[PDB]
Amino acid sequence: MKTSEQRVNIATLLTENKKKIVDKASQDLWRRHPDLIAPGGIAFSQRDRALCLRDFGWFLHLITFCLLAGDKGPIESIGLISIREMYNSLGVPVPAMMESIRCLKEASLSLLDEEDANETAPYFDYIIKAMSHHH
């Protein structure tokens, strides 16, 4: 394997448990802020909206792609700027995006062993910092 085996394994494990991770994460946010995450009937492209499960899955895939790519900042990639821009135009609140990704972190890291969690936590942090304040 050219690419890191650790990374490939972490990515396959996150991919395999996508549903479990997204349920745990969304439910965790919902318990605390029920008004920020709707159960269905929101179009991803709808301006000025609450979170939906699709945002949770988007971000999970994104963090996995970064993990595989070794991209964890400090330089924000072109892709990551375009994502921020996409969400910018969607009008999805910054505090809520940050909180969704924090919930995915806790959900994802709980499934990993300690060495893998330590390796993976920075990639969540990268994406949380990226999706923050205004720009």
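Throughout, we count residues from 1 along the sequence that is shown.
**Study point:** Between 80 to 88 and 49 to 57 (mean CA B-factor, as deposited), the higher
**Key:** So the stretch with the higher mean C-alpha B-factor is 80 to 88.
Check your understanding: Averaging C-alpha B-factors over each stretch, which comes out higher, 14 to 22 or 122 to 130?
Key -> 122 to 130 has the higher mean C-alpha B-factor.
**Study point:** Third of chain Cα B-factors occupied by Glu106
**Key:** As the PDB entry reports it, the C-alpha B-factor of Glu106 lands in the middle third of its chain.
Practice item. Would you check the entry's CA temperature factor for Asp35 and let me know if it's in the chain's lowest, middle or highest third? Key: CA B-factor rank for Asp35: lowest third.
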